[PDB]
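1. Return atomic coordinates for the entry below.
(chains A, B, C, D, E, F, G and H)
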Amino acid sequence: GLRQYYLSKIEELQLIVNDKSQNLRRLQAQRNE
Amino acid sequence: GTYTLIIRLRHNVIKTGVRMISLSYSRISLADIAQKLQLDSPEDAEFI
Amino acid sequence: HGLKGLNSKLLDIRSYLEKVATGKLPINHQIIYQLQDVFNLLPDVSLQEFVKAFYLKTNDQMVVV
Amino acid sequence: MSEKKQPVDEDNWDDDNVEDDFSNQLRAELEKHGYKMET
Amino acid sequence: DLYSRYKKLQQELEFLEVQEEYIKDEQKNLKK
Amino acid sequence: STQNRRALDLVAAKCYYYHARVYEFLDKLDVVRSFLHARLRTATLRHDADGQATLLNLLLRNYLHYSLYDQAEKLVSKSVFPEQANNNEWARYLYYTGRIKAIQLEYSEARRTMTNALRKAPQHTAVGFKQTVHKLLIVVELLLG
Amino acid sequence: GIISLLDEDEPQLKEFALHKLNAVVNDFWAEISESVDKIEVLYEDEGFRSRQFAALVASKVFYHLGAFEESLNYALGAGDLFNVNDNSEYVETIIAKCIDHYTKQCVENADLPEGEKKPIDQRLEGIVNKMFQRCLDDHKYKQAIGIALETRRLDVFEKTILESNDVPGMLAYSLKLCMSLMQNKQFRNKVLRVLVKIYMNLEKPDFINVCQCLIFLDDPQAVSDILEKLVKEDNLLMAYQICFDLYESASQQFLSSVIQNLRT
Amino acid sequence: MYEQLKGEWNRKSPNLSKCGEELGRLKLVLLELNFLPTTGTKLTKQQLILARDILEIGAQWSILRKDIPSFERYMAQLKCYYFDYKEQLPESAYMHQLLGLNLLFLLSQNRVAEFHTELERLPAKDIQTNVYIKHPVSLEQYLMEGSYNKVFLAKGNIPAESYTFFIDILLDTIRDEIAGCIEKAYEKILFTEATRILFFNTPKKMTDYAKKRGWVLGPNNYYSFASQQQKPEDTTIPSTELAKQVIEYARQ
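-> Residues are numbered from 1 along each chain as shown, chains lettered A, B, ... in the order given. Sure, the structure comes next:
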């Protein structure tokens, strides 16, 4: 069962890669000025 | 749809009552307090 | 750093007291009264009166804060 | 958003300020003056 | 398409994490 | 990763307001309860945003609407943490959780979350439940202190 | 309604509560959130005809409880009833977490391959190879080599490129990924050696990437052997590109250490 | 099948072996017929009501032999049958009395939150009627008032079999509440007020006095020792973080 195990990891990773990246953007934005 | 509250607040009412007695009266008798407490149990006003 | 310095001084003087009380040091009279002269101060912080000293001020600083 | 069940349509310590609760409330002390003049 | 995408996602995840840990200490140094 | 799930979950919530209106136009909705239980189970595992809060709000409303145990069942329901509910579902969730805290003699831990729920979404004028929450609000305050 | 039918000590009703225990976990999962006593006592109960059978209900109730490990242990202990229940929407995440725990354990055992390795539950690895048997020849066997990498195993690693999916260039992008995402050399050379072995095993002898991985494997005696084989073939047209591959990539010390073997 | 339902259940109940026999006989009742969802099977709730009655009388025999770990079984199975997932027929004649017993059970073991969480089952069936609940509402919301003696004359009339098995725990609770209420600072009540006015027409109260607390007797007085805490002005350990309530919350 490849979809029921291995595919879910994608979403289980992807959300963090969204939100945390936004944080880093803010942080480097906070540095820039 | 909140039948319970009245049953569980009447104590709170007497709570306020005795709190008023804790502020107003200094030396009130055990049997001479309940006249302004209207529950009419001087036999139980001692441990009220 | 004040607490560290106080700890250092107290450790040195307990060392001195050890080597005079049980050790090869003279019991010469210079500090043997000055020590309890220091120990005579030791203010009784916890009494009935110091409550009104502490609490009456601390809440004022808290009000300002 | 609607979850409608509402029927069409200070004020915390001040209601019992003048309703009847003093000897001068509406009548001007006359409720006691029948038995106040004996002193 | 399959498999390798997950690995490259996770790769850029620790890469991004390196930048995140960096941004704090460089901010602390640049302020003073 | 198309995340249409949560938008369709809000669609489901909006039509399930009216479907719960249907379910009070008829008898209990235990089949719907099982369905939303399955929807919660497939939530929180793959996606969890704004659908879970709505479906648990429906769960609380159905459970309080019937006089059963219904409450400490929720107290052990440890899905207590849905995220930002765009200032709309969160307030009604706080209202339900404060009532279901008050139902077992809450001791002023519930009055603060009642006040928070009241002040958190007051923008609507006569929203539909504002009178009920305001009526229940100071019951506990006149009760306790 | 909340039901404490399991108060009695009668074993007949302990086994007869199976239907009840299965039926209640469909909508009332939060109802049963305190059965640490009854479930564990029943599982440790000796005279027990629902042994290896009632543990599935324990996994079901612990799944709602957030006990993703207790669910895993009872899923292992739920035997054939859990095995045949491999086609359901709920069991997907259960076996997914099972595989995740298994591959974390595999990384742990790969940390030290001798001593203090936890004995893998036979039903656990049975679940692992069974869900692999669900991922048999149905085309698109890239995950078949993938989970083979993360499980650190080699026989399944060989069988996946050996199974009847196809061998057009599977063995090429296998190399591309293995030196694309290599965590360390200690696993990279391990998979590289079985890769180069099966490269030699192919009917056409391997020519280019065998040498490319070989100098990434630091094996001058092997390249001396295969150039001797090409000498037995009595032409250099294979070794043509091999000499320039060594010039392009092989270290000078590697050449200086293989040259005396070349003339021996 | 449909045997000896009231075989020995009315005249008395000393046939404990028959109690065990009926409990073993119950296997044809519960697990030999649809009982968990009770969605179909229209013609079982009559004998399910009979099963309710068998459980009620069995647990009542168990409380006749005074067994609480079967009075949990009293309020375990039978509740969601008259109040089943499928409401089919009128419940019984006994049901409100049974709920009065269960309410008094929740009352008698100081579970006031668990007292409140099932008085709402009826909208208006016993909030104005049903003396089987009119006693428990006073029995609960009398312990919140500082009257503590008209409960026993209200115990003088009992709408059920005894209501005494809980009244023993009521006696217990009166004992330790009058203890814990007098044990603070007080000024030496005489023997008779602590002796007869509460309970125990001087059987053993002169001994119960030493049994509970002590407070050794002098010239016919029961003095309370002072026990006022000095308010020790240390406040360093519990209020050093309170003293630090700037730095370790405001980062500066």
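2. what about the closest residue to residue G:241 other than its chain neighbours, neighbour count?
-> Leaving aside its chain neighbours, residue G:241 sits nearest to residue G:208 (6.3 Å; criterion: C-beta to C-beta, 6 or more residues apart in numbering or on different chains). Bear in mind the C-beta positions are built from the backbone N, C-alpha and C, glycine included. Residue G:208 has 11 neighbouring residues, counting by other C-beta atoms under 10 Å in any protein chain shown.
3. distance of residue G:208 from residue G:242?
-> Distance of residue G:208 to residue G:242, given as C-beta to C-beta, to the nearest Å: 8 Å.
4. Can you tell me how far the residue nearest to residue G:241 is from residue G:168?
-> The gap separating residue G:208 from residue G:168 is 17 Å, by C-beta to C-beta.
5. Could you do residue H:155 as well?
-> As judged by C-beta to C-beta, residue H:155 and residue G:168 stand 91 Å apart.
6. tally of neighbours for residue 3?
-> Reading this off chain A. 11.
7. nope, chain G please
-> 18.
8. repeat for residue H:21
-> 14.
9. Make sure it is indeed in a strand.
-> No. With DSSP: H, G, I helix; E, B strand; the rest coil as the criterion, residue H:21 is located in helix rather than a strand.
10. Quickly note the distance from residue D:24 to residue D:32.
-> With C-beta to C-beta as the criterion, residue D:24 and residue D:32 are 9 Å apart.
11. ignore the last one, residue E:2
-> Taking C-beta to C-beta, one finds residue E:2 at 97 Å from residue D:32.
12. Does anything pack onto the longest helix anywhere in chain G? Which helices or strands?
-> Using DSSP state H, we find that the single longest helix of chain G is helix G:89-111. Applying 3 or more C-beta pairs under 8 Å, 6 or more residues apart in numbering or on different chains; DSSP states H and E, one finds that helix G:89-111 makes contact with helix G:55-65, helix G:68-76, helix G:122-134, helix G:142-150.
13. residue in chain D nearest to chain H?
-> Using C-beta to the nearest C-beta, the closest approach of chain D to chain H is made by residue D:5 at 17.5 Å.
14. can you tell me which residues contact that residue?
-> Listed by C-beta atoms under 8 Å, 6 or more residues apart in numbering or on different chains, the contact partners of residue D:5 are F:128, F:129, F:132.
15. what about 10 Å?
-> Counting by C-beta atoms under 10 Å, 6 or more residues apart in numbering or on different chains, residue D:5 touches F:128, F:129, F:131, F:132.
16. ditto for residue B:3
-> H:119, H:120, H:122, H:123, H:124, H:127.
17. do stretch H:197-205 and chain B meet at all?
-> Yes. Using C-beta under 10 Å from any C-beta of the partner chain, stretch H:197-205 reaches chain B at H:197, H:198.
18. Surely residue F:41 touches residue G:92?
-> No. Using C-beta atoms under 10 Å, residue F:41 is not in contact with residue G:92; the gap is 11.0 Å.
19. Go ahead and flag the most central residue of chain H.
-> residue H:108 (2.2 Å; C-alpha atoms, centre = their mean).
20. element containing the nearest residue to that residue once chain neighbours are set aside?
-> Using C-beta to C-beta, 6+ apart and skipping residues adjacent in sequence, the residue nearest residue H:108 is residue H:166, 4.0 Å away. For residue H:166, the enclosing helix or strand under DSSP states H and E is helix H:165-182.
21. The residue in chain F positioned nearest to chain E: what secondary structure?
-> Closest residue of chain F to chain E, C-beta to the nearest C-beta: residue F:1 (10.3 Å). Classification of residue F:1 by three-state DSSP places it in coil.
22. Would you check how far apart it and residue H:192 are?
-> 83 Å.
23. Would you mind telling me which of the helices and strands packed on helix G:89-111 is nearest chain F?
-> The closest of the helices and strands packed on helix G:89-111 to chain F is helix G:55-65. By C-beta to the nearest C-beta, the value is 7.7 Å.
24. So what's the gap between that closest one and the chain middle?
-> 25 Å (C-alpha atoms, centre = their mean, to the nearest Å).
25. quick revisit: which of the helices and strands packed on helix G:89-111 sits most buried?
-> Burial of those is given as mean neighbour count (mean count of other C-beta atoms under 10 Å in any protein chain shown); helix G:55-65 ranks first at a mean of 23.
26. Check which helices and strands that helix sits against.
-> helix F:30-42, helix G:18-24, helix G:36-44, helix G:68-76, helix G:79-84, helix G:89-111 (3 or more C-beta pairs under 10 Å, 6 or more residues apart in numbering or on different chains; DSSP states H and E).
27. Point out the most buried one among those helices.
-> Highest mean neighbour count among those (mean count of other C-beta under 10 Å): helix G:68-76, a mean of 20.
28. Who are the contact partners of the nearest residue to residue H:161 once chain neighbours are set aside?
-> Sequence neighbours aside, residue H:60 is the residue nearest to residue H:161 in space, at 7.5 Å (criterion: C-beta to C-beta, 6+ apart). Residue H:60 makes contact with H:9, H:13, H:70, H:71, H:74, H:98, H:101, H:161, according to C-beta under 10 Å, 6+ apart.
29. Save these as JSON lines, and put in secondary structure and neighbour count too.
-> Formatted as JSON lines, the contacts of residue H:60 follow (DSSP: H, G, I helix; E, B strand; the rest coil; neighbours: other C-beta atoms under 10 Å in any protein chain shown):
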{"residue": "H:9", "secondary structure": "coil", "neighbour count": "19"}
{"residue": "H:13", "secondary structure": "coil", "neighbour count": "17"}
{"residue": "H:70", "secondary structure": "helix", "neighbour count": "19"}
{"residue": "H:71", "secondary structure": "helix", "neighbour count": "18"}
{"residue": "H:74", "secondary structure": "helix", "neighbour count": "22"}
{"residue": "H:98", "secondary structure": "helix", "neighbour count": "23"}
{"residue": "H:101", "secondary structure": "helix", "neighbour count": "24"}
{"residue": "H:161", "secondary structure": "coil", "neighbour count": "12"}
